[PDB]
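Shown next, in structure tokens, is the structure this report addresses.
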Amino acid sequence: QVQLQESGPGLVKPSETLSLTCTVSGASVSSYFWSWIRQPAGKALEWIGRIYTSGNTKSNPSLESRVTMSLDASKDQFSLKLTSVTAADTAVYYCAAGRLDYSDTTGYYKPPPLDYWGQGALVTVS
Amino acid sequence: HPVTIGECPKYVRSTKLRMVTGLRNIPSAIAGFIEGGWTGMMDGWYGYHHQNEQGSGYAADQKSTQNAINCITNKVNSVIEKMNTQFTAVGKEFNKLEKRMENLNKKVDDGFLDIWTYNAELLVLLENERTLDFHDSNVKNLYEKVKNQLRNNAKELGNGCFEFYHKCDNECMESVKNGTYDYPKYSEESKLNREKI
Amino acid sequence: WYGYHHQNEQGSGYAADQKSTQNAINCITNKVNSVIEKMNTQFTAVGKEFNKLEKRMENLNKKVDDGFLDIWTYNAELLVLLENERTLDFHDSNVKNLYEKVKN
Amino acid sequence: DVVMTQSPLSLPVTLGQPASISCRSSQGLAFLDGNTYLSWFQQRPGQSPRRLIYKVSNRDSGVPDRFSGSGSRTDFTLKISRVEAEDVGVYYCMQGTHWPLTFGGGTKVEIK
Amino acid sequence: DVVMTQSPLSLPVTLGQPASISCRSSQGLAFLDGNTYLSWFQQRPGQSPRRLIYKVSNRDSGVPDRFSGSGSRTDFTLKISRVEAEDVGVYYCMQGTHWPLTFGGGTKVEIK
Amino acid sequence: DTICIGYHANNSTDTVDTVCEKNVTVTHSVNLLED
Ligand SMILES: *[C@@H]1O[C@H](CO)[C@@H](O)[C@H](O)[C@H]1NC(C)=O
Ligand SMILES: *[C@@H]1O[C@H](CO)[C@@H](O)[C@H](O)[C@H]1NC(C)=O
Ligand SMILES: *[C@@H]1O[C@H](CO)[C@@H](O)[C@H](O)[C@H]1NC(C)=O
């Protein structure tokens with residue numbers, strides 16, 4: 001059973017840096033693509049970016065300058081770092097995992113699959 | 001079969017229609033593109049191999065592979081959306097005294113099929129050659145870029161490889177990998193080792 | 001088709017590169033056989049007769065016969081014009097590869 | 001990016017009746033490996049999204065057989081043969097061929 | 001290489017009757033100079049081979065007029081209008097376009 | 001201290017046809033014919 005859990009601070013002041021951690025239990029971190037998805041209240045889902053174990057982060061063109069993701073295999077933790085926060089960044093955040101095949105060369109150059117979702121964490125900026 | 005009902009593909013009298021989306025498979029002291037390709041790279045289509053004192057490893061170039069994949073994807077969707085395919089025919093019957101109409105209908109039906117078969121085969125055999133030449137050009141541009149960055153710091157062995165005169169560690173290799181390799185800090189030792197030889 | 005010319009102390013003479021010429025001849029032969037077999041030709045028609053009160057089918061038959069001919073003429077001329085330019089560029093590329101090899 | 005358009009926004013259906021949601025793309029979604037990569041997702045009220053359809057026709061494990069999706073080129077459709085009380089929520093279409101990953105607007109299903 | 005197939009293997013014919021041998025190739029035999037280069041040979045028992053037909057239609061000097069060959073693309077045929085007692089032996093076809101040089105299987109002609 | 005530039009290869013037996021050469025081995029290919 002692959003279970004994903006999110007933890008983070010609910011409230012951040014403007015112009016600070018927001019950090020979330022998605023603790024993963026039940027499976028290794030090396031076998032999955034890891035992605036972050038945010039959703040505003042009563043609006044559409046928005047994709048932020050993805051990371052694999054060796055290390056590359058491909059993020060949405062609009063949020064490219066202010067995003068930073070990392071992953072640690074010792075504690076099995078996936079992190080987000082969003083800088084220069086604004087009141088438009090109030091959202092529910094989900095962490096998603098997709099399957100990685102090492103023989104598939106082309107799979108690194110398309111958007112990753114989204115298989116196991118997470119519970120989501122609410123972040124308001126005030 | 002030529003008689004179709006619904007949204008159906010276009011009928012051709014061809015046995016094989018396969019289109020290239022990858023490289024030429026030339027297997028095989030790690031050398032460059034003149035000797036052949038490398039089986040041990042599974043990160044990307046184009047890339048580098050470094051061998052130094054700390055270790056030996058392979059890496060892939062993300063930008064060139066991503067641009068090639070984008071052009072090949074556009075090529076595939078151009079082939080698919082160019083030939084819109086829809087209900088074609090159901091067939092007609094004629095009696096014993098309308099033989100001329102039957103022969104005219106057969107002439108129309110057998111004249112369109114030849115044109116569409118010829119067009120499909122020409123499209124496949126031209127796009128395959130364009131894809132292969134595009135791959136060879138991309139490898140040549142990476143070789144020229146690495147040569148232009150290194151200049152006189154490293155010597156050419158031919159065979160798509162460079163030997164560093166100075167001592168070049170992992171950050172030194174990543175500097176010429178990601179496009180920011182500053183000349184002067186390694187110039188003096190390379191001048192000494194070049195002039196001593 | 002391609003080769004070398006040398007002048008030295010002992011003498012002067014021409015030569016020829018027999019692998020590059022072979023490969024070029026092998027591709028041009030493949031282009032000839034692609035042009036021949038790809039657009040295969042066969043028995044086509046004998047013609048039809050209509051009386052004074054089937055003018056519409058006579059015009060339709062003439063329309064079909066005159067619409068296929070323009071397409072085939074356009075296809076043949078376009079194929080010849082493209083293959084000639086590909087052949088010429090292929091020859092110049094082969095000469096450049098020999099020059100680069102002797103340089104290297 | 002690549003724009004997804006869904007129709008309709010709200011589709012009220014009665015228990016035991018079929019329903020259909022349509023998703024349309026600005027570009028063709030075929031990839032060079034030979035696949036299309038369009039997914040259909042479900043969101044219940046006050047819960048995380050879960051996936052229903054992966055690729056054009058394939059259906060995920062644990063998904064009921066009443067969910068069937070099909071389509072090609074630029075138009076795709078998700079169909080529900082029988083609508084129950086566990087079919088409430090918002091449905092989305094997603095593409096995974098071109099960068100970046102784009103989601104649909106969302107279609108809400110209400111029971112009449 | 002290029003595989004050449006001859007038909008039939010044995011063709012028994014009566015005196016004064018025509019005979020035909022067919023040769024087929026895997027590839028097209030056209031060259032970039034504009035010719036085909038296929039040849040037909042006769043071999044008598046206990047003797048060296050001699051040439052009958054060079055190219056598709058041209059006939060060698062000293063060959064009788066009863067030997068006529070024609071063909072195109074991938075199918076070729078040698079025909080004998082009148083069969084005499086000096087027409088016994090094994091007949092072969094070669095191609096001279098592609099490397100390497102390939103010969104046919106051979107067709108034996110016997111008199112009934 | 002050696003850096004080289006090359007490309008990717010595998011064990012595929014897929015073959016295509018071009019204008020100069022026939023039966024050319026490629027790493028990946030797409031079939032456009034349904035049978
Ligand atoms: C290239 O890599 C070096 C590390 O060797 C890094 O310091 C530098 O910022 C990189 N350049 C770019 C443009 O990312
Ligand atoms: C290449 O090797 C892998 C090893 O697992 C195998 O699965 C694959 O089928 C091979 N490819 C071909 C074309 O046989
Ligand atoms: C190409 O390969 C196929 C499959 O083995 C074979 O039937 C055909 O004769 C080959 N053609 C050539 C020109 O080698």
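Naming works like this for the structure tokens: A, B, ... for the chains as they're shown, residue 1 at the start of each chain, ligands 1 onward in shown order.
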At most 8 Å from ligand 1 (only C-alpha atoms and all ligand atoms): residue list as a list in words: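 Result of the 8 Å neighbour search around ligand 1: residues 170, 171, 172, 173, 174, 175, 176, 177, 178, 179 and 180 of chain B.
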Would you mind exporting the chosen residues as a PDB file, in the first residue's frame, restricted to C-alpha atoms?
```
ATOM      1  CA  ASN B 170      33.596  16.637 -12.123  1.00  0.00           C
ATOM      2  CA  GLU B 171      32.705  20.333 -11.863  1.00  0.00           C
ATOM      3  CA  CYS B 172      35.069  20.938 -14.792  1.00  0.00           C
ATOM      4  CA  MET B 173      33.176  18.317 -16.819  1.00  0.00           C
ATOM      5  CA  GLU B 174      29.808  19.777 -15.823  1.00  0.00           C
ATOM      6  CA  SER B 175      31.043  23.230 -16.869  1.00  0.00           C
ATOM      7  CA  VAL B 176      31.495  22.136 -20.489  1.00  0.00           C
ATOM      8  CA  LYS B 177      28.354  19.999 -20.230  1.00  0.00           C
ATOM      9  CA  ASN B 178      25.959  22.817 -19.291  1.00  0.00           C
ATOM     10  CA  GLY B 179      27.528  25.454 -21.524  1.00  0.00           C
ATOM     11  CA  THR B 180      29.531  27.664 -19.122  1.00  0.00           C
TER      12      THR B 180
END
```
Least-squares fit on all C-alpha atoms, paired in order: put chain D onto chain E and return it as a tab-separated table (two decimals) with C-alpha atoms, in the first residue's frame.
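Here's the written file selection-v6.tsv:
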```tsv
chain	number	residue	atom	x	y	z
D	1	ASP	CA	22.90	-11.23	-52.82
D	2	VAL	CA	20.20	-11.11	-55.50
D	3	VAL	CA	18.25	-14.34	-56.00
D	4	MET	CA	17.42	-15.70	-59.46
D	5	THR	CA	14.49	-18.11	-59.77
D	6	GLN	CA	14.00	-20.11	-62.99
D	7	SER	CA	10.93	-22.03	-64.14
D	8	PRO	CA	10.63	-24.84	-64.96
D	9	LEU	CA	13.47	-27.14	-63.88
D	10	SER	CA	12.89	-29.60	-66.74
D	11	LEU	CA	11.04	-28.72	-69.95
D	12	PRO	CA	10.71	-31.70	-72.32
D	13	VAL	CA	9.72	-30.58	-75.81
D	14	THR	CA	9.20	-32.36	-79.13
D	15	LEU	CA	11.12	-31.47	-82.32
D	16	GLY	CA	9.52	-28.48	-84.03
D	17	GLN	CA	7.69	-27.06	-81.00
D	18	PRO	CA	8.28	-23.79	-79.10
D	19	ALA	CA	9.73	-23.66	-75.59
D	20	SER	CA	9.89	-20.95	-72.92
D	21	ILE	CA	12.05	-20.46	-69.81
D	22	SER	CA	11.25	-17.82	-67.19
D	23	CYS	CA	13.71	-16.00	-64.90
D	24	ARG	CA	12.64	-13.87	-61.92
D	25	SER	CA	14.61	-11.45	-59.75
D	26	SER	CA	14.24	-10.32	-56.15
D	27	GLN	CA	15.23	-6.75	-57.06
D	28	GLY	CA	14.90	-4.49	-60.07
D	29	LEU	CA	17.88	-4.70	-62.39
D	30	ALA	CA	17.96	-1.23	-63.96
D	31	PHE	CA	21.29	0.60	-63.88
D	32	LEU	CA	21.98	4.33	-63.79
D	33	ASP	CA	23.21	4.33	-67.39
D	34	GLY	CA	19.79	3.21	-68.62
D	35	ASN	CA	20.25	-0.54	-69.19
D	36	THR	CA	19.26	-3.79	-67.49
D	37	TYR	CA	22.21	-6.24	-67.99
D	38	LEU	CA	20.66	-9.72	-67.83
D	39	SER	CA	22.23	-12.50	-69.91
D	40	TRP	CA	21.12	-15.98	-70.99
D	41	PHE	CA	23.73	-18.75	-71.25
D	42	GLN	CA	23.72	-22.26	-72.75
D	43	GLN	CA	25.74	-25.29	-71.60
D	44	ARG	CA	25.97	-28.45	-73.70
D	45	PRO	CA	26.86	-31.72	-71.93
D	46	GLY	CA	30.59	-32.00	-71.29
D	47	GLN	CA	31.46	-28.58	-72.71
D	48	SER	CA	32.16	-25.02	-71.61
D	49	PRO	CA	29.27	-22.54	-71.35
D	50	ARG	CA	28.64	-20.11	-74.18
D	51	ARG	CA	26.38	-17.05	-74.22
D	52	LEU	CA	23.16	-16.63	-76.14
D	53	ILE	CA	21.50	-13.37	-75.07
D	54	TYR	CA	23.40	-10.24	-73.82
D	55	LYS	CA	21.11	-7.60	-72.25
D	56	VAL	CA	17.33	-8.09	-72.39
D	57	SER	CA	16.78	-8.17	-76.16
D	58	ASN	CA	20.16	-8.14	-77.92
D	59	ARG	CA	21.45	-11.39	-79.44
D	60	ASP	CA	25.09	-12.41	-79.78
D	61	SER	CA	26.81	-13.02	-83.11
D	62	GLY	CA	26.74	-16.63	-84.25
D	63	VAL	CA	23.54	-17.34	-82.30
D	64	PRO	CA	20.66	-18.70	-84.43
D	65	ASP	CA	17.59	-16.51	-84.96
D	66	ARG	CA	15.30	-18.98	-83.16
D	67	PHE	CA	16.55	-17.70	-79.77
D	68	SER	CA	14.62	-14.62	-78.63
D	69	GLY	CA	14.55	-13.07	-75.18
D	70	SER	CA	12.45	-10.31	-73.72
D	71	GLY	CA	11.27	-9.02	-70.36
D	72	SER	CA	11.21	-6.11	-67.97
D	73	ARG	CA	11.32	-5.11	-64.29
D	74	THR	CA	11.52	-8.38	-62.39
D	75	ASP	CA	10.39	-10.97	-64.98
D	76	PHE	CA	12.26	-12.10	-68.10
D	77	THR	CA	11.70	-14.90	-70.62
D	78	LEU	CA	13.77	-16.79	-73.19
D	79	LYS	CA	11.82	-18.38	-76.05
D	80	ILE	CA	12.86	-20.92	-78.68
D	81	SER	CA	10.54	-21.04	-81.69
D	82	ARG	CA	11.84	-24.34	-83.14
D	83	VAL	CA	13.70	-26.93	-81.06
D	84	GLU	CA	16.38	-29.02	-82.78
D	85	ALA	CA	18.91	-31.61	-81.65
D	86	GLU	CA	21.50	-28.89	-80.99
D	87	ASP	CA	19.17	-27.31	-78.40
D	88	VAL	CA	19.88	-29.91	-75.71
D	89	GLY	CA	21.57	-28.81	-72.51
D	90	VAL	CA	21.12	-26.50	-69.54
D	91	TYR	CA	20.15	-22.82	-69.76
D	92	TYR	CA	20.98	-20.16	-67.15
D	93	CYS	CA	20.12	-16.53	-66.43
D	94	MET	CA	22.70	-14.09	-65.06
D	95	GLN	CA	22.57	-10.52	-63.75
D	96	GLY	CA	25.40	-8.00	-63.91
D	97	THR	CA	24.01	-4.94	-62.14
D	98	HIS	CA	24.52	-5.59	-58.44
D	99	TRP	CA	27.58	-7.03	-56.63
D	100	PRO	CA	28.15	-9.97	-56.64
D	101	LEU	CA	27.40	-11.61	-59.98
D	102	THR	CA	24.68	-14.22	-59.43
D	103	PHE	CA	23.70	-17.07	-61.75
D	104	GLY	CA	20.40	-18.90	-62.09
D	105	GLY	CA	19.55	-22.41	-61.00
D	106	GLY	CA	19.44	-23.95	-64.46
D	107	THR	CA	16.81	-25.40	-66.81
D	108	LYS	CA	17.41	-28.71	-68.61
D	109	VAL	CA	15.94	-29.32	-72.07
D	110	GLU	CA	15.24	-32.92	-73.17
D	111	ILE	CA	13.82	-34.09	-76.50
D	112	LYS	CA	10.64	-36.17	-76.52
```
field: Selected residue of minimal separation from chain D among A:99, A:43, A:13, A:38, counting only C-alpha atoms
entry: A:43
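Those residues in chain F carrying a DSSP assignment of strand (DSSP E or B), computed from the backbone, are residues 2, 3, 4, 5, 6, 7, 8, 14, 15, 16, 24, 25, 26, 29, 30 and 31 of chain F.
For ligand 2, the set of protein, DNA and RNA residues within 10 Å, based on only C-alpha atoms and all ligand atoms, reads residues 103 of chain A; 10, 11, 12, 13, 14 and 27 of chain F.
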Please write the residues from the selection above to a file, keeping C-alpha atoms, as a PDB file, in the first residue's frame.
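File result_12.pdb, as written:
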```
ATOM      1  CA  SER A 103      14.323   1.528 -20.054  1.00  0.00           C
TER       2      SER A 103
ATOM      3  CA  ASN F  10      19.545  -0.624 -28.107  1.00  0.00           C
ATOM      4  CA  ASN F  11      18.619  -4.125 -29.263  1.00  0.00           C
ATOM      5  CA  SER F  12      15.669  -3.293 -31.538  1.00  0.00           C
ATOM      6  CA  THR F  13      15.231  -5.086 -34.866  1.00  0.00           C
ATOM      7  CA  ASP F  14      12.866  -2.556 -36.457  1.00  0.00           C
ATOM      8  CA  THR F  27      15.673   2.264 -32.529  1.00  0.00           C
TER       9      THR F  27
END
```
field: Separation of atom CA of residue 88 of chain A from atom CA of residue 119 of chain A in Å
entry: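 Atom-to-atom, atom CA of residue 119 of chain A and atom CA of residue 88 of chain A are spaced 21.4 Å apart.
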task: Per DSSP on the backbone, filter chain A down to the residues in helix (DSSP H, G or I) and report them as a ChimeraX atom specification.
output: /A:87-89,106-109
Could those residues be written to a file, using C-alpha atoms, as an mmCIF file, in the first residue's frame?
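The result, written out as part.cif:
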```cif
data_model
loop_
_atom_site.group_PDB
_atom_site.id
_atom_site.type_symbol
_atom_site.label_atom_id
_atom_site.label_comp_id
_atom_site.auth_asym_id
_atom_site.auth_seq_id
_atom_site.Cartn_x
_atom_site.Cartn_y
_atom_site.Cartn_z
ATOM 1 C CA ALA A 87 -2.464 36.492 -1.898
ATOM 2 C CA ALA A 88 -3.170 34.705 -5.203
ATOM 3 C CA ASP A 89 -1.256 31.692 -3.832
ATOM 4 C CA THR A 106 11.087 9.103 -24.012
ATOM 5 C CA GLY A 107 9.275 9.082 -20.657
ATOM 6 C CA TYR A 108 11.605 11.738 -19.277
ATOM 7 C CA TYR A 109 10.444 14.128 -22.032
#
```
message: Just the number, please: distance in Å from atom CA of residue 91 of chain B to atom CA of residue 53 of chain C, one decimal.
response: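 Atom CA of residue 91 of chain B sits 26.2 Å away from atom CA of residue 53 of chain C.
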query: Quick one: which residues from chain F are at most 12 Å off chain C, using only C-alpha atoms, as a ChimeraX atom specification?
result: /F:17-22
Can I get the selected residues back with C-alpha atoms, as a PDB file, in the first residue's frame?
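Saved result, result.pdb, follows:
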```pdb
ATOM      1  CA  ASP F  17      13.038   1.916 -46.061  1.00  0.00           C
ATOM      2  CA  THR F  18      14.651   5.072 -47.473  1.00  0.00           C
ATOM      3  CA  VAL F  19      15.530   6.387 -50.917  1.00  0.00           C
ATOM      4  CA  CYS F  20      19.183   5.271 -50.921  1.00  0.00           C
ATOM      5  CA  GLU F  21      18.969   2.186 -48.713  1.00  0.00           C
ATOM      6  CA  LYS F  22      16.453  -0.513 -47.819  1.00  0.00           C
TER       7      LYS F  22
END
```
- request: Quick one: everything within 7 Å of residue 66 of chain A, counting only C-alpha atoms, minus sequence neighbours fewer than 4 positions away in the same chain. Send it as a PyMOL selection string.
  value: chain A and resi 82-84
